[PDB]
Structure formats: C-alpha cells, structure tokens
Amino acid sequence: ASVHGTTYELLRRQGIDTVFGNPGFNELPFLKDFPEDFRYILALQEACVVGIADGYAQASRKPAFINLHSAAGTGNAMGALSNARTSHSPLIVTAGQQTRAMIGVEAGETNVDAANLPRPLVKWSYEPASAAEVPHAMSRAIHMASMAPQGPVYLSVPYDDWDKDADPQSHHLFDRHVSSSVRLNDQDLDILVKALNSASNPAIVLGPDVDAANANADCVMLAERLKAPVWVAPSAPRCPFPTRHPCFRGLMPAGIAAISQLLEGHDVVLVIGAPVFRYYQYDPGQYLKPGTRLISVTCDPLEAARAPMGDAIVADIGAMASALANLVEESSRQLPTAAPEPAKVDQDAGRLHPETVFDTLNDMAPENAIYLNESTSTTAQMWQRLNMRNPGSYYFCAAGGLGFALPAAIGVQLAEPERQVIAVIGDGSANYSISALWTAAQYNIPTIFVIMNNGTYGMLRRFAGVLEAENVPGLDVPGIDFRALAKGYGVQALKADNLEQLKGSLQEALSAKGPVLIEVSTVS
C-alpha cells in the first residue's frame, strides 16, 4: 500500500469523506486517483476554502479536512485560521510541499520552515521527516484537531511522499479512538453542586463551547433547576441557549465594568464553555463586585489560566453540563421573567433600518433557520430580534476576522441540508471572501445571503466616535454592486430597497432551489 492509499484509508476510517481545497502543483500527487467515497469542494481562494470547512466543522460538530497549496495557499488562509483558533474549530489543514530533493535549493513552491508559518494560530504544526511517517503524522493531526480543546492543526507533506510505500504497521492508526469526554471527580463535583444548590441568586454565562458540545439542552435544564438568568458571553461566536427562553438575558456587553455591574447581586456566577471574558472595548473597573464569586468550566487550559478572576475546572463541556443539570436540586425560586418583546422601530417606505430586516427575518424564516452574522454594526439588534430556539442556529467570526460568514454559511448549509441558512453580511464584510459565492453556485448549496448595504464600515465609524478618532480615512465603501458580483459567480441576485421589496425577495429566496443573494439598501 502507498502513502496515498493508507492516508485515504485512515481518513475514511476516522469518518472523513470531504476535502475542502484549492489545488496546486504540490497537491496533485495527493488529489490524483481521488477515491469515489470522497467529495472535493473547490473554492477560488484559501480564505473561502477554510471558511467553508470551518462552517462545515462547527455545524457537523466533527473535524473538516482541508488541502491547500504550500506557503501562498496556507498564507491566504491565515485570517480564516485566526477565527478557527478562537472557535476551537476541528480543522485538519494540509498543504503540499516541494519534492524532498528540491526543498534544500528552495525551488519554486517550496514552503520554507513550513511548520512555523501557521504559528501561532494552530494547536499543532508539523512536516514529517519521511514519506512512511505521513500516515502517523495525519493520525496526530486528526486527534490533535479532535481532542478538547479542539482547534486547527497543520501538516505539510512533500509531494513525492504520496507514491512511496507506507509502513504496513500504519494499520494500527486506522481505528484509534481518543476520548476527552471527562468531568470533575465525584468529590469536587458534589462540592460544586452543593455550592450551586446553596447560591441565593445564581447567574449562568454560556460561551460557544456549549453550542459546540450540543450542551444547550442540559444548560436549559440547569438554568430551569437553579431558576437562574442566562447570558451569552461577549463577542459570542455561537448561540448556546434558546433566545426567547424566560431565563435568557441576551448578549453580555464586552466591557469589564459593564459585566461586573451586570453580575452585581449574584453570589455565584457559573460560566460554561466561554473565556472569562472576551472583553472588546476598554471599560476599566472591577472584574467582579464584592459578594460575587465566579466558577468557570472550560475545555481550554489557556482560558482557565487567562481568567483574571474566579475558580476554574478544565473538563468536557458536554460531560459537565449533563452532570450538573442532572445533579442540581430544583430551586423553590420563581423562574426569571422573559425579556420584553423588542420595539418595532419607525420604518417609512424607503431604505431599511436593520431592526426592520431582523423583524422581517424572524416573521418569515423557518423556526429551525441557521443564521450567520457579519453585519458588524447590527449584532446587538440581531441578538434581540431573532428567535433562535434550537442548537447550531448562530455563527459570528470568533476572532472577529472578516471574510468568515459568507464562506462559513456555505459550509453550514452543506452540513445541514434540511435547515435554511441565512447569512446577514455587511457591505464591507461581503468583499473579504466574495469569491466563496462561486462554490454555492457550482455545488447548488442553497444558502441565502442578505447583504446589509449601508455604503460603509458602520462599526468602525461608531468605534471612531467612542475612541474620539476623527479624520480616519478608509471607512466608506461606496460603488459596490452586490447583484453584479452575485451574477459574476452565478448566484441569483435580488434587490430590496424597501420593506415590501424585502418581504417579496425573502419569500422568493426561501422558495428558490439555489443560493440567492439579496442586496438590502439599509439606512446610514
């Protein structure tokens, strides 16, 4: 058996059947003789390849396999990998290297010091010392990606390795199963349970790791039993709780003072699957007010170490959520009251307020719709106005890198064919990974793309204000025709210059057999 044959057998055996890629010289000996049980998903730029794999991985809650071309291909995907690091996305990033005999002279397409390139974004990076080590290197890649805390890994393979004889001993890798489904020991778990049972005014904060583990339901049961209000942690890359549930308090503001104020009065704050905290704006103050103690459950040692306050437990979010939900007592406390219904804003028959767009989407979209956000100035309004009852219903770039949602929406739609994906993307954001559209068209992945066209980098103008930053150049993006871009890449394009045009376009897009892009003329 060749290294080619053995690697594809290992991928097969580890449950991988999809290659997200953009091909190159160095990848031809990998991609040739492409097995019938695999599918190749081509994107036109490596940001878009990784974005699609990333969405695919997060929705399927399984590793996604990527093949890129050397330094240039790997480099083009670096922004995407930044998002993948923070989302703990299980991505196997493979890249072809020049033939072993030509690495020394640095022939064209040589990836120099290959393993250092993706650092520090990946959890593991590697170039095998020999062709016969490639399957073992791939096994390490798979498990390093899949073990908590999950994350992107990188493997560089000299193109001449694939044709070589594999080690017959490589067969022991095929069915390797590694488990990170661990929870705190009974003694320390009973202590934690007894502290939640005893809390006067408990508060729960959930991060993306809850949605990643599908711990949503256990957290709902946990919140019901403790009769406790629930927030999603700041800069939320995913939605870990039903947003119209009585306990839900919404998106936490990404500020130090703001969060301590919010938690004031809460004796015990339980944070699950979230960094403590992903602060964004400089909001100096106390991390916690007196009388509030914090306990953080995280699957990431880095997040436990980084926390400027509270106690931490490093464990599987799924296993811990299940354990806590089934062990805590029913509080005699009354269930928190559901948040108020959002206000309908004044809307004329002209350019649309973001609020109008989100109200419209909530009325018209299927109850199991999946949303992606890269409309950077409208995130707060989106969280308030979209009723997301089910797991895996929301995705935002984890590291805030733009160019995620458009590709990611295609990967989510591919993973969830029976759930309508609707990506709400700003006019600025749409450009970073615009070429991703071609993939939806070519593979007939029926993602709906809603472009919020305000002519500007809205969020930067708003932040310019907060920073008192005047005469900043490059904040406006006029003269972009998103329907012409969609047509450029074979995607049906509709326009919505007003509410009746929005209602029409959406009903059309919801009944379309293919991807549809709606260009929405939004205010400001």
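Residue indices: 1-based, along the sequence shown.
For the two regions 490-498 and 462-470, the entry's Cα B-factors average higher over 462-470.
Annotation for 238-246 versus 286-294: the higher mean temperature factor (C-alpha) is found in 286-294. Comparing the listed residues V424, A408, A399, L226, the entry records the largest Cα B-factor for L226. Note on the listed residues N111, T94, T439, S260: the highest Cα temperature factor in the record is that of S260. Annotation for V122: CA B-factor lies in the lowest third of the chain's modelled residues.
Among the modelled residues of the chain, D209 sits in the lowest third by CA temperature factor in this PDB entry. Ranked by Cα temperature factor within the chain, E367 sits in the highest third according to the deposited record. When the modelled residues of the chain are ordered by C-alpha B-factor, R385 sits in the middle third. Looking at the C-alpha B-factors along this chain, the one for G21 belongs to the lowest third.
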